[PDB]
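Student: Sharing entry.pdb below, PDB, N, CA and C atoms:
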ATOM      1  N   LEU A   1      79.564  94.089 100.769
ATOM      2  CA  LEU A   1      78.329  93.561 101.392
ATOM      3  C   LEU A   1      78.034  94.315 102.678
ATOM      4  N   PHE A   2      76.873  94.945 102.748
ATOM      5  CA  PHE A   2      76.510  95.693 103.935
ATOM      6  C   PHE A   2      76.090  94.750 105.049
ATOM      7  N   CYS A   3      76.075  95.263 106.258
ATOM      8  CA  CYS A   3      75.675  94.487 107.413
ATOM      9  C   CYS A   3      74.882  95.370 108.355
ATOM     10  N   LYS A   4      73.830  94.817 108.940
ATOM     11  CA  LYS A   4      72.958  95.561 109.845
ATOM     12  C   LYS A   4      73.755  96.439 110.805
ATOM     13  N   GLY A   5      74.185  97.594 110.316
ATOM     14  CA  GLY A   5      74.949  98.510 111.131
ATOM     15  C   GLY A   5      76.191  99.030 110.433
ATOM     16  N   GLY A   6      76.816  98.185 109.626
ATOM     17  CA  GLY A   6      78.021  98.577 108.922
ATOM     18  C   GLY A   6      78.232  97.785 107.646
ATOM     19  N   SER A   7      79.361  97.107 107.544
ATOM     20  CA  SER A   7      79.668  96.320 106.360
ATOM     21  C   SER A   7      80.367  95.018 106.742
ATOM     22  N   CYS A   8      80.365  94.075 105.818
ATOM     23  CA  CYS A   8      80.968  92.769 106.035
ATOM     24  C   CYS A   8      82.385  92.733 105.495
ATOM     25  N   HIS A   9      83.242  92.006 106.193
ATOM     26  CA  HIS A   9      84.634  91.888 105.824
ATOM     27  C   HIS A   9      85.111  90.477 106.085
ATOM     28  N   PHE A  10      85.716  89.875 105.093
ATOM     29  CA  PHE A  10      86.216  88.536 105.238
ATOM     30  C   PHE A  10      87.358  88.516 106.253
ATOM     31  N   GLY A  11      87.247  87.657 107.257
ATOM     32  CA  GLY A  11      88.285  87.555 108.266
ATOM     33  C   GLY A  11      87.807  87.966 109.641
ATOM     34  N   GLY A  12      87.211  89.141 109.730
ATOM     35  CA  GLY A  12      86.725  89.628 110.995
ATOM     36  C   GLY A  12      86.029  90.960 110.859
ATOM     37  N   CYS A  13      86.426  91.920 111.678
ATOM     38  CA  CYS A  13      85.825  93.240 111.650
ATOM     39  C   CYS A  13      86.815  94.315 112.037
ATOM     40  N   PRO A  14      86.819  95.435 111.303
ATOM     41  CA  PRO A  14      87.697  96.546 111.614
ATOM     42  C   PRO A  14      87.546  96.907 113.081
ATOM     43  N   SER A  15      88.657  97.093 113.758
ATOM     44  CA  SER A  15      88.657  97.414 115.175
ATOM     45  C   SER A  15      87.495  98.331 115.544
ATOM     46  N   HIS A  16      87.163  99.245 114.644
ATOM     47  CA  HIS A  16      86.077 100.189 114.882
ATOM     48  C   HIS A  16      84.741  99.478 115.014
ATOM     49  N   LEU A  17      84.472  98.587 114.072
ATOM     50  CA  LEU A  17      83.210  97.875 114.025
ATOM     51  C   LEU A  17      83.071  96.785 115.076
ATOM     52  N   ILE A  18      81.895  96.189 115.052
ATOM     53  CA  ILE A  18      81.498  95.135 115.951
ATOM     54  C   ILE A  18      80.893  93.993 115.148
ATOM     55  N   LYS A  19      81.268  92.774 115.483
ATOM     56  CA  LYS A  19      80.769  91.609 114.773
ATOM     57  C   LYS A  19      79.274  91.438 115.019
ATOM     58  N   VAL A  20      78.468  91.828 114.037
ATOM     59  CA  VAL A  20      77.015  91.711 114.143
ATOM     60  C   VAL A  20      76.585  90.282 113.856
ATOM     61  N   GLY A  21      77.317  89.634 112.964
ATOM     62  CA  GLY A  21      77.021  88.266 112.597
ATOM     63  C   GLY A  21      77.903  87.798 111.467
ATOM     64  N   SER A  22      77.520  86.714 110.821
ATOM     65  CA  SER A  22      78.278  86.182 109.703
ATOM     66  C   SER A  22      77.834  86.845 108.404
ATOM     67  N   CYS A  23      78.762  86.981 107.476
ATOM     68  CA  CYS A  23      78.486  87.585 106.182
ATOM     69  C   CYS A  23      78.219  86.486 105.177
ATOM     70  N   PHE A  24      78.212  86.821 103.903
ATOM     71  CA  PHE A  24      77.987  85.821 102.895
ATOM     72  C   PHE A  24      79.091  84.792 102.988
ATOM     73  N   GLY A  25      78.727  83.634 103.487
ATOM     74  CA  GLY A  25      79.666  82.563 103.651
ATOM     75  C   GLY A  25      80.718  82.832 104.710
ATOM     76  N   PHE A  26      81.943  82.491 104.369
ATOM     77  CA  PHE A  26      83.107  82.634 105.237
ATOM     78  C   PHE A  26      83.335  84.061 105.745
ATOM     79  N   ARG A  27      82.651  85.032 105.170
ATOM     80  CA  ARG A  27      82.834  86.417 105.576
ATOM     81  C   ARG A  27      82.159  86.724 106.897
ATOM     82  N   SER A  28      82.611  87.797 107.525
ATOM     83  CA  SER A  28      82.071  88.242 108.790
ATOM     84  C   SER A  28      81.317  89.553 108.594
ATOM     85  N   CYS A  29      80.158  89.668 109.220
ATOM     86  CA  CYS A  29      79.350  90.872 109.104
ATOM     87  C   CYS A  29      79.679  91.822 110.243
ATOM     88  N   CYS A  30      80.013  93.057 109.897
ATOM     89  CA  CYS A  30      80.399  94.039 110.879
ATOM     90  C   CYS A  30      79.495  95.252 110.852
ATOM     91  N   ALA A  31      79.213  95.735 112.035
ATOM     92  CA  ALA A  31      78.373  96.889 112.241
ATOM     93  C   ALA A  31      79.100  97.847 113.154
ATOM     94  N   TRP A  32      78.555  99.017 113.358
ATOM     95  CA  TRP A  32      79.191 100.003 114.194
ATOM     96  C   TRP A  32      78.853  99.802 115.688
ATOM     97  N   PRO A  33      79.849  99.998 116.564
ATOM     98  CA  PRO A  33      79.745  99.804 118.034
ATOM     99  C   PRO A  33      78.683 100.626 118.787
ATOM    100  N   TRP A  34      78.131 101.681 118.188
ATOM    101  CA  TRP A  34      77.142 102.543 118.883
ATOM    102  C   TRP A  34      76.315 101.789 119.925
ATOM    103  N   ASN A  35      76.042 100.527 119.656
ATOM    104  CA  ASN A  35      75.227  99.699 120.532
ATOM    105  C   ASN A  35      75.547  98.241 120.269
ATOM    106  N   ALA A  36      76.815  97.953 120.084
ATOM    107  CA  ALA A  36      77.239  96.601 119.789
ATOM    108  C   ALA A  36      78.592  96.311 120.428
TER     109      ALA A  36
END
Just give me the structure of the file as structure tokens.

Tutor:
Amino acid sequence: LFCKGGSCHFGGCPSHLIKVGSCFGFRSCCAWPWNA
């Protein structure tokens, strides 16, 4: 599941990414830090 900036991951976000918001349900939406 993509996320405005990156991708969604259940649990949280890869150290690289930034939590943009919630993903489908219990999942977390992650985007890239460039501006997050």

Student: Give me, as a short mmCIF file (atom, residue, chain, number, x, y, z; two decimals) with N, CA and C atoms, keeping the file's coordinate frame, all polymer residues having an atom no more than 6 Å from segment 7-13 of chain A, counting all atoms listed in the file and skipping those fewer than 2 positions away in the same chain.

Tutor:
data_model
loop_
_atom_site.label_atom_id
_atom_site.label_comp_id
_atom_site.auth_asym_id
_atom_site.auth_seq_id
_atom_site.Cartn_x
_atom_site.Cartn_y
_atom_site.Cartn_z
N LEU A 1 79.56 94.09 100.77
CA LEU A 1 78.33 93.56 101.39
C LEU A 1 78.03 94.32 102.68
N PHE A 2 76.87 94.94 102.75
CA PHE A 2 76.51 95.69 103.94
C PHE A 2 76.09 94.75 105.05
N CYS A 3 76.08 95.26 106.26
CA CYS A 3 75.68 94.49 107.41
C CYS A 3 74.88 95.37 108.36
N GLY A 5 74.18 97.59 110.32
CA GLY A 5 74.95 98.51 111.13
C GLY A 5 76.19 99.03 110.43
N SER A 15 88.66 97.09 113.76
CA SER A 15 88.66 97.41 115.18
C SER A 15 87.50 98.33 115.54
N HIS A 16 87.16 99.24 114.64
CA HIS A 16 86.08 100.19 114.88
C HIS A 16 84.74 99.48 115.01
N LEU A 17 84.47 98.59 114.07
CA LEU A 17 83.21 97.88 114.02
C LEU A 17 83.07 96.78 115.08
N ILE A 18 81.90 96.19 115.05
CA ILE A 18 81.50 95.14 115.95
C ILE A 18 80.89 93.99 115.15
N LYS A 19 81.27 92.77 115.48
CA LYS A 19 80.77 91.61 114.77
C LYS A 19 79.27 91.44 115.02
N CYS A 23 78.76 86.98 107.48
CA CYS A 23 78.49 87.58 106.18
C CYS A 23 78.22 86.49 105.18
N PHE A 26 81.94 82.49 104.37
CA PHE A 26 83.11 82.63 105.24
C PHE A 26 83.34 84.06 105.74
N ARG A 27 82.65 85.03 105.17
CA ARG A 27 82.83 86.42 105.58
C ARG A 27 82.16 86.72 106.90
N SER A 28 82.61 87.80 107.52
CA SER A 28 82.07 88.24 108.79
C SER A 28 81.32 89.55 108.59
N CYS A 29 80.16 89.67 109.22
CA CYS A 29 79.35 90.87 109.10
C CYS A 29 79.68 91.82 110.24
N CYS A 30 80.01 93.06 109.90
CA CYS A 30 80.40 94.04 110.88
C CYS A 30 79.50 95.25 110.85
N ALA A 31 79.21 95.74 112.04
CA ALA A 31 78.37 96.89 112.24
C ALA A 31 79.10 97.85 113.15
#

Student: Could you pull out all residues of chain A with a DSSP call of strand (DSSP E or B) and give them as a PDB file with N, CA and C atoms, in the coordinates of the input?

Tutor:
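Produced file part05.pdb, reproduced below:
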ATOM      1  N   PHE A   2      76.873  94.945 102.748  1.00  0.00           N
ATOM      2  CA  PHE A   2      76.510  95.693 103.935  1.00  0.00           C
ATOM      3  C   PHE A   2      76.090  94.750 105.049  1.00  0.00           C
ATOM      4  N   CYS A   3      76.075  95.263 106.258  1.00  0.00           N
ATOM      5  CA  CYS A   3      75.675  94.487 107.413  1.00  0.00           C
ATOM      6  C   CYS A   3      74.882  95.370 108.355  1.00  0.00           C
ATOM      7  N   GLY A   6      76.816  98.185 109.626  1.00  0.00           N
ATOM      8  CA  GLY A   6      78.021  98.577 108.922  1.00  0.00           C
ATOM      9  C   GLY A   6      78.232  97.785 107.646  1.00  0.00           C
ATOM     10  N   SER A   7      79.361  97.107 107.544  1.00  0.00           N
ATOM     11  CA  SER A   7      79.668  96.320 106.360  1.00  0.00           C
ATOM     12  C   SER A   7      80.367  95.018 106.742  1.00  0.00           C
ATOM     13  N   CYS A   8      80.365  94.075 105.818  1.00  0.00           N
ATOM     14  CA  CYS A   8      80.968  92.769 106.035  1.00  0.00           C
ATOM     15  C   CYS A   8      82.385  92.733 105.495  1.00  0.00           C
ATOM     16  N   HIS A   9      83.242  92.006 106.193  1.00  0.00           N
ATOM     17  CA  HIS A   9      84.634  91.888 105.824  1.00  0.00           C
ATOM     18  C   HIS A   9      85.111  90.477 106.085  1.00  0.00           C
ATOM     19  N   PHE A  10      85.716  89.875 105.093  1.00  0.00           N
ATOM     20  CA  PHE A  10      86.216  88.536 105.238  1.00  0.00           C
ATOM     21  C   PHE A  10      87.358  88.516 106.253  1.00  0.00           C
ATOM     22  N   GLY A  12      87.211  89.141 109.730  1.00  0.00           N
ATOM     23  CA  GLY A  12      86.725  89.628 110.995  1.00  0.00           C
ATOM     24  C   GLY A  12      86.029  90.960 110.859  1.00  0.00           C
ATOM     25  N   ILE A  18      81.895  96.189 115.052  1.00  0.00           N
ATOM     26  CA  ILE A  18      81.498  95.135 115.951  1.00  0.00           C
ATOM     27  C   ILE A  18      80.893  93.993 115.148  1.00  0.00           C
ATOM     28  N   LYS A  19      81.268  92.774 115.483  1.00  0.00           N
ATOM     29  CA  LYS A  19      80.769  91.609 114.773  1.00  0.00           C
ATOM     30  C   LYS A  19      79.274  91.438 115.019  1.00  0.00           C
ATOM     31  N   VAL A  20      78.468  91.828 114.037  1.00  0.00           N
ATOM     32  CA  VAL A  20      77.015  91.711 114.143  1.00  0.00           C
ATOM     33  C   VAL A  20      76.585  90.282 113.856  1.00  0.00           C
ATOM     34  N   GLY A  21      77.317  89.634 112.964  1.00  0.00           N
ATOM     35  CA  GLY A  21      77.021  88.266 112.597  1.00  0.00           C
ATOM     36  C   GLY A  21      77.903  87.798 111.467  1.00  0.00           C
ATOM     37  N   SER A  22      77.520  86.714 110.821  1.00  0.00           N
ATOM     38  CA  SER A  22      78.278  86.182 109.703  1.00  0.00           C
ATOM     39  C   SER A  22      77.834  86.845 108.404  1.00  0.00           C
ATOM     40  N   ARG A  27      82.651  85.032 105.170  1.00  0.00           N
ATOM     41  CA  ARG A  27      82.834  86.417 105.576  1.00  0.00           C
ATOM     42  C   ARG A  27      82.159  86.724 106.897  1.00  0.00           C
ATOM     43  N   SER A  28      82.611  87.797 107.525  1.00  0.00           N
ATOM     44  CA  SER A  28      82.071  88.242 108.790  1.00  0.00           C
ATOM     45  C   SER A  28      81.317  89.553 108.594  1.00  0.00           C
ATOM     46  N   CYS A  29      80.158  89.668 109.220  1.00  0.00           N
ATOM     47  CA  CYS A  29      79.350  90.872 109.104  1.00  0.00           C
ATOM     48  C   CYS A  29      79.679  91.822 110.243  1.00  0.00           C
ATOM     49  N   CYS A  30      80.013  93.057 109.897  1.00  0.00           N
ATOM     50  CA  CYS A  30      80.399  94.039 110.879  1.00  0.00           C
ATOM     51  C   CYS A  30      79.495  95.252 110.852  1.00  0.00           C
ATOM     52  N   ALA A  31      79.213  95.735 112.035  1.00  0.00           N
ATOM     53  CA  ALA A  31      78.373  96.889 112.241  1.00  0.00           C
ATOM     54  C   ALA A  31      79.100  97.847 113.154  1.00  0.00           C
TER      55      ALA A  31
END

Student: Report, as AutoDock Vina command-line options, the axis-aligned box around all atoms of segment 12-19 of chain A present in the file, extended by 6 Å on each side; give centre and edge lengths in Å to one decimal place.

Tutor:
--center_x 84.0 --center_y 94.7 --center_z 112.8 --size_x 21.4 --size_y 23.0 --size_z 18.2

Student: One number please: atom N of residue 32 of chain A to atom CA of residue 20 of chain A, in Å, one decimal.

Tutor: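 Between atom N of residue 32 of chain A and atom CA of residue 20 of chain A the gap works out to 7.5 Å.
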
Student: Rounded to one decimal place, report the atom N of residue 33 of chain A-atom N of residue 4 of chain A distance in Å.

Tutor: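 Spanning atom N of residue 33 of chain A to atom N of residue 4 of chain A is a straight-line distance of 11.0 Å.
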
Student: So what do you get for atom N of residue 35 of chain A versus atom CA of residue 22 of chain A, distance-wise?

Tutor: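 Between atom N of residue 35 of chain A and atom CA of residue 22 of chain A the gap is 17.6 Å.
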
Student: Provide segment 19-33 of chain A rebuilt to N, CA, C and O atoms, formatted as a PDB file, in the coordinates of the input.

Tutor:
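And here's selection-v1.pdb as it stands now:
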ATOM      1  N   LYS A  19      81.268  92.774 115.483  1.00  0.00           N
ATOM      2  CA  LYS A  19      80.769  91.609 114.773  1.00  0.00           C
ATOM      3  C   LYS A  19      79.274  91.438 115.019  1.00  0.00           C
ATOM      4  O   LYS A  19      78.859  90.963 116.078  1.00  0.00           O
ATOM      5  N   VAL A  20      78.468  91.828 114.037  1.00  0.00           N
ATOM      6  CA  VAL A  20      77.015  91.711 114.143  1.00  0.00           C
ATOM      7  C   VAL A  20      76.585  90.282 113.856  1.00  0.00           C
ATOM      8  O   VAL A  20      75.615  89.780 114.430  1.00  0.00           O
ATOM      9  N   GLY A  21      77.317  89.634 112.964  1.00  0.00           N
ATOM     10  CA  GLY A  21      77.021  88.266 112.597  1.00  0.00           C
ATOM     11  C   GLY A  21      77.903  87.798 111.467  1.00  0.00           C
ATOM     12  O   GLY A  21      78.920  88.428 111.171  1.00  0.00           O
ATOM     13  N   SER A  22      77.520  86.714 110.821  1.00  0.00           N
ATOM     14  CA  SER A  22      78.278  86.182 109.703  1.00  0.00           C
ATOM     15  C   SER A  22      77.834  86.845 108.404  1.00  0.00           C
ATOM     16  O   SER A  22      76.671  87.221 108.254  1.00  0.00           O
ATOM     17  N   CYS A  23      78.762  86.981 107.476  1.00  0.00           N
ATOM     18  CA  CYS A  23      78.486  87.585 106.182  1.00  0.00           C
ATOM     19  C   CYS A  23      78.219  86.486 105.177  1.00  0.00           C
ATOM     20  O   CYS A  23      78.046  85.329 105.558  1.00  0.00           O
ATOM     21  N   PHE A  24      78.212  86.821 103.903  1.00  0.00           N
ATOM     22  CA  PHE A  24      77.987  85.821 102.895  1.00  0.00           C
ATOM     23  C   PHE A  24      79.091  84.792 102.988  1.00  0.00           C
ATOM     24  O   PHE A  24      80.247  85.054 102.639  1.00  0.00           O
ATOM     25  N   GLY A  25      78.727  83.634 103.487  1.00  0.00           N
ATOM     26  CA  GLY A  25      79.666  82.563 103.651  1.00  0.00           C
ATOM     27  C   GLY A  25      80.718  82.832 104.710  1.00  0.00           C
ATOM     28  O   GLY A  25      80.422  83.315 105.804  1.00  0.00           O
ATOM     29  N   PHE A  26      81.943  82.491 104.369  1.00  0.00           N
ATOM     30  CA  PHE A  26      83.107  82.634 105.237  1.00  0.00           C
ATOM     31  C   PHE A  26      83.335  84.061 105.745  1.00  0.00           C
ATOM     32  O   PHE A  26      84.149  84.278 106.641  1.00  0.00           O
ATOM     33  N   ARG A  27      82.651  85.032 105.170  1.00  0.00           N
ATOM     34  CA  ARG A  27      82.834  86.417 105.576  1.00  0.00           C
ATOM     35  C   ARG A  27      82.159  86.724 106.897  1.00  0.00           C
ATOM     36  O   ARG A  27      81.250  86.017 107.326  1.00  0.00           O
ATOM     37  N   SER A  28      82.611  87.797 107.525  1.00  0.00           N
ATOM     38  CA  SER A  28      82.071  88.242 108.790  1.00  0.00           C
ATOM     39  C   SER A  28      81.317  89.553 108.594  1.00  0.00           C
ATOM     40  O   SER A  28      81.778  90.440 107.874  1.00  0.00           O
ATOM     41  N   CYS A  29      80.158  89.668 109.220  1.00  0.00           N
ATOM     42  CA  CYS A  29      79.350  90.872 109.104  1.00  0.00           C
ATOM     43  C   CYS A  29      79.679  91.822 110.243  1.00  0.00           C
ATOM     44  O   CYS A  29      79.665  91.431 111.415  1.00  0.00           O
ATOM     45  N   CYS A  30      80.013  93.057 109.897  1.00  0.00           N
ATOM     46  CA  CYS A  30      80.399  94.039 110.879  1.00  0.00           C
ATOM     47  C   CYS A  30      79.495  95.252 110.852  1.00  0.00           C
ATOM     48  O   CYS A  30      79.075  95.729 109.796  1.00  0.00           O
ATOM     49  N   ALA A  31      79.213  95.735 112.035  1.00  0.00           N
ATOM     50  CA  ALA A  31      78.373  96.889 112.241  1.00  0.00           C
ATOM     51  C   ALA A  31      79.100  97.847 113.154  1.00  0.00           C
ATOM     52  O   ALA A  31      80.177  97.529 113.641  1.00  0.00           O
ATOM     53  N   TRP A  32      78.555  99.017 113.358  1.00  0.00           N
ATOM     54  CA  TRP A  32      79.191 100.003 114.194  1.00  0.00           C
ATOM     55  C   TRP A  32      78.853  99.802 115.688  1.00  0.00           C
ATOM     56  O   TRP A  32      77.749  99.420 116.047  1.00  0.00           O
ATOM     57  N   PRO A  33      79.849  99.998 116.564  1.00  0.00           N
ATOM     58  CA  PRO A  33      79.745  99.804 118.034  1.00  0.00           C
ATOM     59  C   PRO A  33      78.683 100.626 118.787  1.00  0.00           C
ATOM     60  O   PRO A  33      78.408 100.319 119.946  1.00  0.00           O
TER      61      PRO A  33
END
